[PDB]
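Here's the structure, in structure tokens; my notes come after.
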Amino acid sequence: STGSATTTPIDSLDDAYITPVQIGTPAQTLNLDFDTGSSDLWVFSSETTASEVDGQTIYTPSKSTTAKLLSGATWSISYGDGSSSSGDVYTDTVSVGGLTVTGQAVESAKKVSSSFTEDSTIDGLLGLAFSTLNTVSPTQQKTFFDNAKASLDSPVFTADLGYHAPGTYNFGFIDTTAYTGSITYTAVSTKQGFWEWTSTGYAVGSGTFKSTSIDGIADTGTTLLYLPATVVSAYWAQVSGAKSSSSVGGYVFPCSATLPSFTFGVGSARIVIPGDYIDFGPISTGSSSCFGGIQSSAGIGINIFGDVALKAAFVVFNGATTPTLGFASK
């Protein structure tokens, strides 16, 4: 089997992407944030505290003939941005882009943090990291991908995120028309439950390439590119007037600036992030201070190749027995 679904930015900054997902019978379609940095499929639901629901589409298990309470199971998750959610669990039929999993754990939110309430466009998350990170207790549950894997034509999914435009998540096949040149594959460590890999270095603009190992995660659920402070300082030093602002929470730059590109290494290959991708616009409406798309990972504890980086590439998440990641230009 295969599946193919379009993923669409939630706003004009590409702050996140939503992909329609069919849950239950008859189908209830919710727009979920596909997140390769976590492993829970959770949704706003008829059980979510009413004061914490603001415009989201909810899953109502009592209206699904295939829903079954997973008796005794609860979940609770916190994300790197400090947001959180928790609740109980149903199993139900879940389809993405024509690919169907029966008996998928659908984690129904009883509580969500303010950041989720305030974002009307995201109806929940669909985790695509390794199932060892799943938070369901006392019986850990598998991700949608893990459940689908044995049925897939090939045990892979791909992320093809757009810059200020829709893109695609494919399951079970590699679309050879979706990228240019060749895909370069690189080793993955699953020891922390993430799609963790080592970049071979970086360049700033037309500068020379610095060969240096940068361990990080491929994370579709993180907006920006978070890298070591040394790397980030070298980037922003090439932008007149850029500075790290403690008040704002990272690097800002004059909105009148032209940003250089940023290149990262994948083996001997190179992925170029155009300067425009690094512009996240005024820090507040009307400001002439703009927020940078490359920020320091210092104090996160891990480097994160988030959407800023991933949207510059066609990315293969290879879930074979020995997992790997592939990157191609596009």
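Our numbering is plain: 1 for the first residue shown, then up by one each step along the chain.
Quick check of the header: X-ray crystallography, 1.4 Å.
Each Cβ is built from the backbone N, Cα and C atoms, and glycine gets one as well.
Database features (Swiss-Prot):
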type     : residues      : note
ACT_SITE : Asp35         : active site
ACT_SITE : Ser199        : active site
DISULFID : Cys255-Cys290 : disulfide bond
DOMAIN   : 17-328        : domain 'Peptidase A1'
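Overlay of Swiss-Prot feature records on the structure.
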{"residue": "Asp35", "record": "active site", "Cβ neighbours (10 Å)": "22"}
{"residue": "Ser199", "record": "active site", "Cβ neighbours (10 Å)": "22"}
{"residue": "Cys255", "record": "disulfide bond", "Cβ neighbours (10 Å)": "15"}
{"residue": "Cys290", "record": "disulfide bond", "Cβ neighbours (10 Å)": "22"}
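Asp35 (active site) and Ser199 (active site) have their C-alpha atoms 20 Å apart, to the nearest angstrom. For the pair formed by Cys255 (disulfide bond) and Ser199 (active site), distance between Cα atoms is given as 30 Å, rounded to the nearest Å. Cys290 (disulfide bond) and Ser199 (active site) have their C-alpha atoms 27 Å apart, to the nearest angstrom.
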